[PDB]
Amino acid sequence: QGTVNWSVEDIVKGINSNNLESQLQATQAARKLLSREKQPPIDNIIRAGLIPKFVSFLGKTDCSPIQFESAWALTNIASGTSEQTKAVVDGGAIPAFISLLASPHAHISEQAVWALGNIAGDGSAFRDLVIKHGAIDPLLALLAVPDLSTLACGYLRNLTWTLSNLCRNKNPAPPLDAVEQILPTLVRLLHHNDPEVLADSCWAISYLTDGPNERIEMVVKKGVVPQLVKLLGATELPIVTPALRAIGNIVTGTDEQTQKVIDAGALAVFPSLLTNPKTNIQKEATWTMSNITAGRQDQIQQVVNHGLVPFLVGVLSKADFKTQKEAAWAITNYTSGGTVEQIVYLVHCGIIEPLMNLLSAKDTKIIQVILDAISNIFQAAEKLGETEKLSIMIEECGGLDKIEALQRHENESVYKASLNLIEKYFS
């Protein structure tokens, strides 16, 4: 096969000949160039003025191979910078690719799915432009099968991916009714048994849940929460990561929505998520915990009965800083909504020492966060007449020095909190 390594000017020559075959051959040369690992000459291809020509080949139904080669060619240009994508879009590729969705040749519509995927992936505008040109109907149609197993592995992977991009980006979020239209198929995909369909399904859902409550509610209302929780316990990190994000998003919404996650059994996975070797899982799991401890006392209670407080204490005691920061918050949140008993309980789990050690971190934000929390804790200890035994505690682990040296920390609300705390509990 000597359509290998052509020069651009050669590709041009051919595509301009009035010879459908010569053109087919050159377009394949074009694809091959663009498929190379080391810096495919996308720019010069664009610069050569080729995009419109490829675009018009998409429409050549007699000559399927050219349809495919040009499809692939544009697919690859469309995968580069935004500007590269913009060039594909400016050529009129979008309705052309949509038309190809119904091509009788699977390998061709797959290419069309792929390209629409890249275009929608550029960002919200292209995404909604794909949507306006009516891509969503024909995509869904290819998934209109009694059993998803009967479709080819990488064909379904591509559709799942493209679909996820139609759910991706946020300013603005995708159109509500486009989401309504996608959801049922997404749900059906969230249940399929390919690790890769599951990862992308999870992302799709994670994107759609990253907004205001009404959005979360669309999702939660299709009852995917049980199924998200299950996935949360998967062995494949490519699946845990996006599932955990979905759940993390959902618990930012109403307490009602939060409770769906609790009922689903979510909390049971946390012992292991809060100890996970992958740094980011831990950060994200901890964050999620912070949004649960931000809920009602009976929700705080469920965190307690799953024995997650030790896990928080653990995370406060040793994790990379960014996780410890979330633990800090999770605790403050806890100490805000919590009952007296519950705040007591936290201290009996040994929350005071590891909290104190963090006061010497040089991150201004977290210190406030911790001090609000100490504040909060003394408050429950006042209601019990125990501000003493607690002060003593904070002394014996060197917390007292750390706060008492903190009136001379620059920040305003900082030195006032410490000031207050010192005055109020320490003389």
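The numbering used is simple: start at 1 and walk along the sequence shown.
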Where do the C-alpha atoms have the higher mean temperature factor in this entry, in 284-292 or in 115-123?
284-292
Check the entry's C-alpha temperature factors for 351-359 and 222-230, then say which stretch has the higher mean.
351-359
Given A26, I377, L33, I51, identify the residue with the highest C-alpha B factor in the PDB entry.
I377
By the CA temperature factor listed in this entry, which of these ranks top: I66, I45, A381, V55?
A381
Using the B-factor values recorded in the entry, state whether the Cα atom of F321 falls in the lowest, middle or highest third among the modelled residues of its chain.
highest
Going by the CA temperature factor in the PDB record, which third of the chain does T209 belong to: lowest, middle or highest?
middle
When the deposited Cα B-factors of this chain's modelled residues are ordered and cut into thirds, is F311 in the lowest, the middle or the highest one?
lowest
Which third of the chain does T332 land in by C-alpha B-factor: lowest, middle or highest?
highest
For the chain shown, is the CA B-factor of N305 in the lowest, middle or highest third of its modelled residues?
middle
